[PDB]
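Trainee: File name coords35.pdb; file contents PDB, C-alpha atoms; full text below.
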```
ATOM      1  CA  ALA F   2       0.000   0.000   0.000  1.00  0.00           C
ATOM      2  CA  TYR F   3       1.062   3.585   0.707  1.00  0.00           C
ATOM      3  CA  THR F   4       2.364   4.653   4.123  1.00  0.00           C
ATOM      4  CA  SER F   5       1.933   8.337   4.979  1.00  0.00           C
ATOM      5  CA  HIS F   6       3.018   8.330   8.634  1.00  0.00           C
ATOM      6  CA  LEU F   7       6.035   6.922  10.445  1.00  0.00           C
ATOM      7  CA  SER F   8       4.723   5.078  13.501  1.00  0.00           C
ATOM      8  CA  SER F   9       7.201   5.139  16.381  1.00  0.00           C
ATOM      9  CA  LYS F  10       7.332   5.305  20.172  1.00  0.00           C
ATOM     10  CA  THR F  11       9.660   7.560  22.145  1.00  0.00           C
ATOM     11  CA  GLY F  12      11.499   4.833  24.086  1.00  0.00           C
ATOM     12  CA  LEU F  13      12.568   5.041  27.711  1.00  0.00           C
ATOM     13  CA  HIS F  14      15.556   7.119  28.729  1.00  0.00           C
ATOM     14  CA  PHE F  15      17.116   9.262  31.430  1.00  0.00           C
ATOM     15  CA  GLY F  16      18.957  11.645  29.123  1.00  0.00           C
ATOM     16  CA  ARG F  17      22.053   9.533  28.485  1.00  0.00           C
ATOM     17  CA  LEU F  18      21.232   6.066  29.829  1.00  0.00           C
ATOM     18  CA  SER F  19      18.550   4.217  27.897  1.00  0.00           C
ATOM     19  CA  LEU F  20      16.611   1.117  28.894  1.00  0.00           C
ATOM     20  CA  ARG F  21      17.807  -0.545  25.682  1.00  0.00           C
ATOM     21  CA  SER F  22      21.450   0.192  26.504  1.00  0.00           C
ATOM     22  CA  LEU F  23      20.902  -0.986  30.088  1.00  0.00           C
ATOM     23  CA  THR F  24      19.459  -4.310  28.932  1.00  0.00           C
ATOM     24  CA  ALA F  25      22.308  -4.603  26.427  1.00  0.00           C
ATOM     25  CA  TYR F  26      24.876  -3.877  29.159  1.00  0.00           C
ATOM     26  CA  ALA F  27      23.388  -5.804  32.133  1.00  0.00           C
ATOM     27  CA  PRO F  28      25.072  -9.267  31.760  1.00  0.00           C
ATOM     28  CA  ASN F  29      28.489  -7.632  31.438  1.00  0.00           C
ATOM     29  CA  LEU F  30      27.572  -5.619  34.535  1.00  0.00           C
ATOM     30  CA  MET F  31      26.962  -8.954  36.275  1.00  0.00           C
ATOM     31  CA  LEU F  32      30.326 -10.142  34.930  1.00  0.00           C
ATOM     32  CA  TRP F  33      32.024  -7.039  36.339  1.00  0.00           C
ATOM     33  CA  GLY F  34      30.314  -7.644  39.670  1.00  0.00           C
ATOM     34  CA  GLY F  35      31.694 -11.181  39.679  1.00  0.00           C
ATOM     35  CA  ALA F  36      35.146  -9.930  38.651  1.00  0.00           C
ATOM     36  CA  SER F  37      35.174  -7.367  41.468  1.00  0.00           C
ATOM     37  CA  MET F  38      34.013 -10.079  43.885  1.00  0.00           C
ATOM     38  CA  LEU F  39      36.976 -12.204  42.802  1.00  0.00           C
ATOM     39  CA  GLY F  40      39.163  -9.134  43.303  1.00  0.00           C
ATOM     40  CA  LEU F  41      37.908  -8.803  46.869  1.00  0.00           C
ATOM     41  CA  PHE F  42      38.488 -12.542  47.351  1.00  0.00           C
ATOM     42  CA  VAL F  43      42.096 -11.853  46.323  1.00  0.00           C
ATOM     43  CA  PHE F  44      42.770  -8.723  48.357  1.00  0.00           C
ATOM     44  CA  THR F  45      41.059 -10.118  51.487  1.00  0.00           C
ATOM     45  CA  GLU F  46      42.767 -13.529  51.493  1.00  0.00           C
ATOM     46  CA  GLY F  47      45.150 -12.819  54.380  1.00  0.00           C
ATOM     47  CA  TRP F  48      42.236 -11.615  56.528  1.00  0.00           C
ATOM     48  CA  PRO F  49      41.729 -14.489  59.008  1.00  0.00           C
ATOM     49  CA  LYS F  50      38.064 -13.631  59.580  1.00  0.00           C
ATOM     50  CA  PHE F  51      37.381 -14.039  55.860  1.00  0.00           C
ATOM     51  CA  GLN F  52      39.606 -17.132  55.904  1.00  0.00           C
ATOM     52  CA  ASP F  53      37.485 -18.615  58.699  1.00  0.00           C
ATOM     53  CA  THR F  54      34.165 -17.746  57.067  1.00  0.00           C
ATOM     54  CA  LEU F  55      34.933 -18.271  53.371  1.00  0.00           C
ATOM     55  CA  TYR F  56      38.351 -19.437  52.196  1.00  0.00           C
ATOM     56  CA  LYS F  57      38.798 -22.474  54.466  1.00  0.00           C
ATOM     57  CA  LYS F  58      35.505 -23.863  53.133  1.00  0.00           C
ATOM     58  CA  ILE F  59      37.188 -24.325  49.713  1.00  0.00           C
ATOM     59  CA  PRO F  60      37.761 -28.042  48.861  1.00  0.00           C
ATOM     60  CA  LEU F  61      41.378 -28.104  47.652  1.00  0.00           C
ATOM     61  CA  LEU F  62      42.742 -24.737  48.828  1.00  0.00           C
ATOM     62  CA  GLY F  63      40.867 -24.562  52.142  1.00  0.00           C
ATOM     63  CA  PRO F  64      42.860 -26.748  54.558  1.00  0.00           C
ATOM     64  CA  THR F  65      45.962 -25.521  52.703  1.00  0.00           C
ATOM     65  CA  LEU F  66      45.662 -22.050  54.288  1.00  0.00           C
ATOM     66  CA  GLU F  67      45.382 -23.161  57.928  1.00  0.00           C
ATOM     67  CA  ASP F  68      48.449 -23.740  60.083  1.00  0.00           C
ATOM     68  CA  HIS F  69      49.634 -26.797  62.018  1.00  0.00           C
ATOM     69  CA  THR F  70      51.557 -25.345  64.927  1.00  0.00           C
ATOM     70  CA  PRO F  71      50.598 -27.060  68.213  1.00  0.00           C
ATOM     71  CA  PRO F  72      49.821 -25.043  71.408  1.00  0.00           C
ATOM     72  CA  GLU F  73      53.317 -25.845  72.723  1.00  0.00           C
ATOM     73  CA  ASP F  74      55.432 -23.640  70.419  1.00  0.00           C
ATOM     74  CA  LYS F  75      52.984 -20.734  70.132  1.00  0.00           C
ATOM     75  CA  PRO F  76      53.781 -17.978  72.653  1.00  0.00           C
ATOM     76  CA  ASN F  77      50.188 -16.717  72.674  1.00  0.00           C
TER      77      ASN F  77
ATOM     78  CA  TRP Y 112      61.113 -14.609  76.722  1.00  0.00           C
ATOM     79  CA  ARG Y 113      58.191 -15.141  74.341  1.00  0.00           C
ATOM     80  CA  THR Y 114      60.384 -14.907  71.255  1.00  0.00           C
ATOM     81  CA  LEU Y 115      62.349 -17.939  72.466  1.00  0.00           C
ATOM     82  CA  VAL Y 116      59.187 -20.052  72.173  1.00  0.00           C
ATOM     83  CA  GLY Y 117      59.064 -22.039  68.960  1.00  0.00           C
ATOM     84  CA  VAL Y 118      62.699 -21.373  68.128  1.00  0.00           C
ATOM     85  CA  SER Y 119      64.722 -23.111  70.821  1.00  0.00           C
ATOM     86  CA  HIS Y 120      62.362 -24.135  73.637  1.00  0.00           C
ATOM     87  CA  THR Y 121      58.718 -24.941  74.229  1.00  0.00           C
ATOM     88  CA  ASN Y 122      56.099 -22.793  75.966  1.00  0.00           C
ATOM     89  CA  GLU Y 123      56.218 -24.665  79.274  1.00  0.00           C
ATOM     90  CA  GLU Y 124      60.011 -24.708  78.894  1.00  0.00           C
ATOM     91  CA  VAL Y 125      60.322 -20.919  78.691  1.00  0.00           C
ATOM     92  CA  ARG Y 126      57.751 -20.330  81.464  1.00  0.00           C
ATOM     93  CA  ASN Y 127      60.042 -22.095  83.958  1.00  0.00           C
ATOM     94  CA  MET Y 128      63.009 -19.845  83.128  1.00  0.00           C
ATOM     95  CA  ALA Y 129      60.841 -16.730  83.260  1.00  0.00           C
ATOM     96  CA  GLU Y 130      59.537 -17.871  86.650  1.00  0.00           C
ATOM     97  CA  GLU Y 131      63.140 -18.468  87.738  1.00  0.00           C
ATOM     98  CA  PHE Y 132      63.818 -14.782  87.294  1.00  0.00           C
ATOM     99  CA  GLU Y 133      62.126 -11.952  89.221  1.00  0.00           C
ATOM    100  CA  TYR Y 134      60.914  -8.507  88.157  1.00  0.00           C
ATOM    101  CA  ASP Y 135      59.272  -5.380  89.548  1.00  0.00           C
ATOM    102  CA  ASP Y 136      55.516  -5.587  90.076  1.00  0.00           C
ATOM    103  CA  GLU Y 137      52.916  -2.891  90.451  1.00  0.00           C
ATOM    104  CA  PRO Y 138      53.031  -1.679  94.077  1.00  0.00           C
ATOM    105  CA  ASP Y 139      50.632  -3.199  96.576  1.00  0.00           C
ATOM    106  CA  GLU Y 140      47.719  -1.546  98.390  1.00  0.00           C
ATOM    107  CA  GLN Y 141      50.085   0.208 100.816  1.00  0.00           C
ATOM    108  CA  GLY Y 142      52.379   1.557  98.092  1.00  0.00           C
ATOM    109  CA  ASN Y 143      55.370  -0.607  99.029  1.00  0.00           C
ATOM    110  CA  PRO Y 144      57.660  -1.928  96.272  1.00  0.00           C
ATOM    111  CA  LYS Y 145      56.881  -5.472  95.233  1.00  0.00           C
ATOM    112  CA  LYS Y 146      58.580  -8.240  93.256  1.00  0.00           C
ATOM    113  CA  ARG Y 147      56.986 -10.753  90.931  1.00  0.00           C
ATOM    114  CA  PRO Y 148      57.913 -14.022  89.191  1.00  0.00           C
ATOM    115  CA  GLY Y 149      58.186 -13.332  85.503  1.00  0.00           C
ATOM    116  CA  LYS Y 150      55.961 -14.253  82.590  1.00  0.00           C
ATOM    117  CA  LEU Y 151      56.483 -14.753  78.862  1.00  0.00           C
ATOM    118  CA  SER Y 152      55.910 -11.073  78.081  1.00  0.00           C
ATOM    119  CA  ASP Y 153      58.933  -9.921  80.103  1.00  0.00           C
ATOM    120  CA  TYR Y 154      62.462  -9.448  78.794  1.00  0.00           C
ATOM    121  CA  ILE Y 155      65.628 -11.395  79.567  1.00  0.00           C
ATOM    122  CA  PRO Y 156      67.260  -9.595  82.513  1.00  0.00           C
ATOM    123  CA  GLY Y 157      70.856  -8.519  82.607  1.00  0.00           C
ATOM    124  CA  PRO Y 158      73.108  -9.379  85.518  1.00  0.00           C
ATOM    125  CA  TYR Y 159      73.983  -5.843  86.619  1.00  0.00           C
ATOM    126  CA  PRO Y 160      71.468  -3.211  87.759  1.00  0.00           C
ATOM    127  CA  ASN Y 161      73.355  -0.324  86.128  1.00  0.00           C
TER     128      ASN Y 161
END
```
Kindly transcribe the structure held in the file into structure tokens.
Mentor:
Amino acid sequence: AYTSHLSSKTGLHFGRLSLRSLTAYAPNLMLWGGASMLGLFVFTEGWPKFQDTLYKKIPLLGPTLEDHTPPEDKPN
Amino acid sequence: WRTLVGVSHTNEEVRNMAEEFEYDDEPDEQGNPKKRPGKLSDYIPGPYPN
């Protein structure tokens, strides 16, 4: 036929960020969240509270981190 | 004394030497000077007072 009008909606946006760009970006945002969580798992490894809660629960690297000094050669 | 533990002697082994020496305690209720058998946290004492 013949089309006289261009039918379009105005999208959803907050000036710069669009909903379309947010949905296109969101899984890589989840990947960056996971990458930053691995970065915190690196830079908090020596923390013995995070070792006790998290890193000693690991199967192959968990009992590796804990020490085996008896309470006879520890001064405190 | 506590740094000797785990290098050359055991914990109960260093506690006996630290108890064999004597150090200055906090003064008693009447303010008199008081001595005390040592613990791990003390230092190895020299033979001469000055």
Trainee: Within 12 Å of chain F, which residues of chain Y show up when using all atoms listed in the file, listed as a compact mmCIF listing (two decimals) with C-alpha atoms, in the coordinates of the input?
Mentor:
```
# COMPACT_ATOMS: atom_id res chain seq x y z
CA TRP Y 112 61.11 -14.61 76.72
CA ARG Y 113 58.19 -15.14 74.34
CA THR Y 114 60.38 -14.91 71.26
CA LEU Y 115 62.35 -17.94 72.47
CA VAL Y 116 59.19 -20.05 72.17
CA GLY Y 117 59.06 -22.04 68.96
CA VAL Y 118 62.70 -21.37 68.13
CA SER Y 119 64.72 -23.11 70.82
CA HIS Y 120 62.36 -24.14 73.64
CA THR Y 121 58.72 -24.94 74.23
CA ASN Y 122 56.10 -22.79 75.97
CA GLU Y 123 56.22 -24.66 79.27
CA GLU Y 124 60.01 -24.71 78.89
CA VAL Y 125 60.32 -20.92 78.69
CA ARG Y 126 57.75 -20.33 81.46
CA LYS Y 150 55.96 -14.25 82.59
CA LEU Y 151 56.48 -14.75 78.86
CA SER Y 152 55.91 -11.07 78.08
```
Trainee: List the neighbours of residue 56 (chain F) out to 10 Å using all atoms listed in the file; skip same-chain residues closer than 4 positions along the sequence, and give me the result as a PDB file with C-alpha atoms, in the frame of the given file.
Mentor:
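New file part15.pdb:
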```pdb
ATOM      1  CA  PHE F  42      38.488 -12.542  47.351  1.00  0.00           C
ATOM      2  CA  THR F  45      41.059 -10.118  51.487  1.00  0.00           C
ATOM      3  CA  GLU F  46      42.767 -13.529  51.493  1.00  0.00           C
ATOM      4  CA  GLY F  47      45.150 -12.819  54.380  1.00  0.00           C
ATOM      5  CA  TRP F  48      42.236 -11.615  56.528  1.00  0.00           C
ATOM      6  CA  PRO F  49      41.729 -14.489  59.008  1.00  0.00           C
ATOM      7  CA  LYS F  50      38.064 -13.631  59.580  1.00  0.00           C
ATOM      8  CA  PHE F  51      37.381 -14.039  55.860  1.00  0.00           C
ATOM      9  CA  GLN F  52      39.606 -17.132  55.904  1.00  0.00           C
ATOM     10  CA  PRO F  60      37.761 -28.042  48.861  1.00  0.00           C
ATOM     11  CA  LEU F  62      42.742 -24.737  48.828  1.00  0.00           C
ATOM     12  CA  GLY F  63      40.867 -24.562  52.142  1.00  0.00           C
ATOM     13  CA  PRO F  64      42.860 -26.748  54.558  1.00  0.00           C
ATOM     14  CA  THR F  65      45.962 -25.521  52.703  1.00  0.00           C
ATOM     15  CA  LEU F  66      45.662 -22.050  54.288  1.00  0.00           C
ATOM     16  CA  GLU F  67      45.382 -23.161  57.928  1.00  0.00           C
TER      17      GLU F  67
END
```
Trainee: Would you work out the distance separating CA of residue 154 (chain Y) from CA of residue 132 (chain Y), expressed in Å to one decimal?
Mentor: 10.1 Å
Trainee: With the file shown as input, list the residues that the PyMOL selection byres ((chain Y and resi 147) around 7) selects, as a count of residues only.
Mentor: 8
Trainee: Work out how far CA of residue 27 (chain F) is from CA of residue 8 (chain F), in Å to one decimal.
Mentor: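 Pair CA of residue 8 (chain F) / CA of residue 27 (chain F) returns 28.5 Å.
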Trainee: Between CA of residue 38 (chain F) and CA of residue 61 (chain F), what distance in Å does the model show, to one decimal?
Mentor: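 Spanning CA of residue 38 (chain F) to CA of residue 61 (chain F) is a straight-line distance of 19.8 Å.
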Trainee: Saving region 19-47 of chain F with N, CA, C and O atoms, as a PDB file, in the first residue's frame, what would that file be?
Mentor:
```pdb
ATOM      1  N   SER F  19      19.807   4.703  28.433  1.00  0.00           N
ATOM      2  CA  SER F  19      18.550   4.217  27.897  1.00  0.00           C
ATOM      3  C   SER F  19      18.267   2.839  28.476  1.00  0.00           C
ATOM      4  O   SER F  19      19.174   2.146  28.944  1.00  0.00           O
ATOM      5  N   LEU F  20      16.987   2.460  28.467  1.00  0.00           N
ATOM      6  CA  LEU F  20      16.611   1.117  28.894  1.00  0.00           C
ATOM      7  C   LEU F  20      17.171   0.062  27.953  1.00  0.00           C
ATOM      8  O   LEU F  20      17.555  -1.026  28.398  1.00  0.00           O
ATOM      9  N   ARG F  21      17.251   0.381  26.660  1.00  0.00           N
ATOM     10  CA  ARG F  21      17.807  -0.545  25.682  1.00  0.00           C
ATOM     11  C   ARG F  21      19.296  -0.762  25.912  1.00  0.00           C
ATOM     12  O   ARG F  21      19.785  -1.899  25.872  1.00  0.00           O
ATOM     13  N   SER F  22      20.030   0.318  26.195  1.00  0.00           N
ATOM     14  CA  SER F  22      21.450   0.192  26.504  1.00  0.00           C
ATOM     15  C   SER F  22      21.675  -0.500  27.842  1.00  0.00           C
ATOM     16  O   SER F  22      22.655  -1.235  27.996  1.00  0.00           O
ATOM     17  N   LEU F  23      20.772  -0.302  28.805  1.00  0.00           N
ATOM     18  CA  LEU F  23      20.902  -0.986  30.088  1.00  0.00           C
ATOM     19  C   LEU F  23      20.672  -2.485  29.950  1.00  0.00           C
ATOM     20  O   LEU F  23      21.403  -3.284  30.545  1.00  0.00           O
ATOM     21  N   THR F  24      19.668  -2.885  29.168  1.00  0.00           N
ATOM     22  CA  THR F  24      19.459  -4.310  28.932  1.00  0.00           C
ATOM     23  C   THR F  24      20.566  -4.908  28.077  1.00  0.00           C
ATOM     24  O   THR F  24      20.875  -6.097  28.210  1.00  0.00           O
ATOM     25  N   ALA F  25      21.180  -4.110  27.201  1.00  0.00           N
ATOM     26  CA  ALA F  25      22.308  -4.603  26.427  1.00  0.00           C
ATOM     27  C   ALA F  25      23.586  -4.687  27.247  1.00  0.00           C
ATOM     28  O   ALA F  25      24.486  -5.452  26.889  1.00  0.00           O
ATOM     29  N   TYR F  26      23.684  -3.920  28.329  1.00  0.00           N
ATOM     30  CA  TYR F  26      24.876  -3.877  29.159  1.00  0.00           C
ATOM     31  C   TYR F  26      24.813  -4.785  30.378  1.00  0.00           C
ATOM     32  O   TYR F  26      25.869  -5.139  30.913  1.00  0.00           O
ATOM     33  N   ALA F  27      23.611  -5.166  30.834  1.00  0.00           N
ATOM     34  CA  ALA F  27      23.388  -5.804  32.133  1.00  0.00           C
ATOM     35  C   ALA F  27      24.124  -7.128  32.393  1.00  0.00           C
ATOM     36  O   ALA F  27      24.610  -7.302  33.521  1.00  0.00           O
ATOM     37  N   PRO F  28      24.249  -8.083  31.443  1.00  0.00           N
ATOM     38  CA  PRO F  28      25.072  -9.267  31.760  1.00  0.00           C
ATOM     39  C   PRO F  28      26.553  -8.970  31.925  1.00  0.00           C
ATOM     40  O   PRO F  28      27.209  -9.604  32.760  1.00  0.00           O
ATOM     41  N   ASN F  29      27.106  -8.011  31.179  1.00  0.00           N
ATOM     42  CA  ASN F  29      28.489  -7.632  31.438  1.00  0.00           C
ATOM     43  C   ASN F  29      28.629  -6.842  32.732  1.00  0.00           C
ATOM     44  O   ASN F  29      29.704  -6.860  33.338  1.00  0.00           O
ATOM     45  N   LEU F  30      27.559  -6.190  33.193  1.00  0.00           N
ATOM     46  CA  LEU F  30      27.572  -5.619  34.535  1.00  0.00           C
ATOM     47  C   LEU F  30      27.596  -6.711  35.598  1.00  0.00           C
ATOM     48  O   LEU F  30      28.270  -6.569  36.625  1.00  0.00           O
ATOM     49  N   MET F  31      26.878  -7.815  35.361  1.00  0.00           N
ATOM     50  CA  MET F  31      26.962  -8.954  36.275  1.00  0.00           C
ATOM     51  C   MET F  31      28.346  -9.597  36.234  1.00  0.00           C
ATOM     52  O   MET F  31      28.863 -10.048  37.265  1.00  0.00           O
ATOM     53  N   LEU F  32      28.966  -9.624  35.052  1.00  0.00           N
ATOM     54  CA  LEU F  32      30.326 -10.142  34.930  1.00  0.00           C
ATOM     55  C   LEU F  32      31.330  -9.254  35.652  1.00  0.00           C
ATOM     56  O   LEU F  32      32.276  -9.754  36.268  1.00  0.00           O
ATOM     57  N   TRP F  33      31.135  -7.934  35.606  1.00  0.00           N
ATOM     58  CA  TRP F  33      32.024  -7.039  36.339  1.00  0.00           C
ATOM     59  C   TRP F  33      31.799  -7.118  37.839  1.00  0.00           C
ATOM     60  O   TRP F  33      32.751  -6.957  38.612  1.00  0.00           O
ATOM     61  N   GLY F  34      30.559  -7.364  38.265  1.00  0.00           N
ATOM     62  CA  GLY F  34      30.314  -7.644  39.670  1.00  0.00           C
ATOM     63  C   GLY F  34      31.017  -8.901  40.143  1.00  0.00           C
ATOM     64  O   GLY F  34      31.626  -8.915  41.216  1.00  0.00           O
ATOM     65  N   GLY F  35      30.976  -9.961  39.332  1.00  0.00           N
ATOM     66  CA  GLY F  35      31.694 -11.181  39.679  1.00  0.00           C
ATOM     67  C   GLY F  35      33.203 -11.009  39.662  1.00  0.00           C
ATOM     68  O   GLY F  35      33.911 -11.570  40.503  1.00  0.00           O
ATOM     69  N   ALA F  36      33.712 -10.206  38.722  1.00  0.00           N
ATOM     70  CA  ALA F  36      35.146  -9.930  38.651  1.00  0.00           C
ATOM     71  C   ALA F  36      35.621  -9.117  39.849  1.00  0.00           C
ATOM     72  O   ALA F  36      36.691  -9.387  40.406  1.00  0.00           O
ATOM     73  N   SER F  37      34.833  -8.125  40.271  1.00  0.00           N
ATOM     74  CA  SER F  37      35.174  -7.367  41.468  1.00  0.00           C
ATOM     75  C   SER F  37      35.028  -8.206  42.733  1.00  0.00           C
ATOM     76  O   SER F  37      35.765  -7.992  43.703  1.00  0.00           O
ATOM     77  N   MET F  38      34.103  -9.174  42.743  1.00  0.00           N
ATOM     78  CA  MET F  38      34.013 -10.079  43.885  1.00  0.00           C
ATOM     79  C   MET F  38      35.225 -10.999  43.957  1.00  0.00           C
ATOM     80  O   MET F  38      35.722 -11.291  45.052  1.00  0.00           O
ATOM     81  N   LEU F  39      35.728 -11.448  42.805  1.00  0.00           N
ATOM     82  CA  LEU F  39      36.976 -12.204  42.802  1.00  0.00           C
ATOM     83  C   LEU F  39      38.158 -11.334  43.206  1.00  0.00           C
ATOM     84  O   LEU F  39      39.090 -11.819  43.858  1.00  0.00           O
ATOM     85  N   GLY F  40      38.124 -10.047  42.853  1.00  0.00           N
ATOM     86  CA  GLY F  40      39.163  -9.134  43.303  1.00  0.00           C
ATOM     87  C   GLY F  40      39.165  -8.937  44.806  1.00  0.00           C
ATOM     88  O   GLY F  40      40.228  -8.852  45.429  1.00  0.00           O
ATOM     89  N   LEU F  41      37.977  -8.876  45.413  1.00  0.00           N
ATOM     90  CA  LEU F  41      37.908  -8.803  46.869  1.00  0.00           C
ATOM     91  C   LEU F  41      38.323 -10.117  47.515  1.00  0.00           C
ATOM     92  O   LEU F  41      38.955 -10.107  48.578  1.00  0.00           O
ATOM     93  N   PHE F  42      38.003 -11.248  46.877  1.00  0.00           N
ATOM     94  CA  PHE F  42      38.488 -12.542  47.351  1.00  0.00           C
ATOM     95  C   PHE F  42      40.008 -12.649  47.271  1.00  0.00           C
ATOM     96  O   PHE F  42      40.616 -13.394  48.048  1.00  0.00           O
ATOM     97  N   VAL F  43      40.636 -11.927  46.343  1.00  0.00           N
ATOM     98  CA  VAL F  43      42.096 -11.853  46.323  1.00  0.00           C
ATOM     99  C   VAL F  43      42.601 -10.971  47.453  1.00  0.00           C
ATOM    100  O   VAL F  43      43.362 -11.413  48.320  1.00  0.00           O
ATOM    101  N   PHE F  44      42.179  -9.708  47.461  1.00  0.00           N
ATOM    102  CA  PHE F  44      42.770  -8.723  48.357  1.00  0.00           C
ATOM    103  C   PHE F  44      42.293  -8.855  49.799  1.00  0.00           C
ATOM    104  O   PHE F  44      42.715  -8.059  50.643  1.00  0.00           O
ATOM    105  N   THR F  45      41.440  -9.832  50.110  1.00  0.00           N
ATOM    106  CA  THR F  45      41.059 -10.118  51.487  1.00  0.00           C
ATOM    107  C   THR F  45      41.446 -11.533  51.900  1.00  0.00           C
ATOM    108  O   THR F  45      40.881 -12.076  52.849  1.00  0.00           O
ATOM    109  N   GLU F  46      42.412 -12.141  51.207  1.00  0.00           N
ATOM    110  CA  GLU F  46      42.767 -13.529  51.493  1.00  0.00           C
ATOM    111  C   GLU F  46      43.518 -13.676  52.811  1.00  0.00           C
ATOM    112  O   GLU F  46      43.260 -14.623  53.560  1.00  0.00           O
ATOM    113  N   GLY F  47      44.423 -12.751  53.124  1.00  0.00           N
ATOM    114  CA  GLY F  47      45.150 -12.819  54.380  1.00  0.00           C
ATOM    115  C   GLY F  47      44.324 -12.501  55.608  1.00  0.00           C
ATOM    116  O   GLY F  47      44.789 -12.754  56.723  1.00  0.00           O
TER     117      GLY F  47
END
```
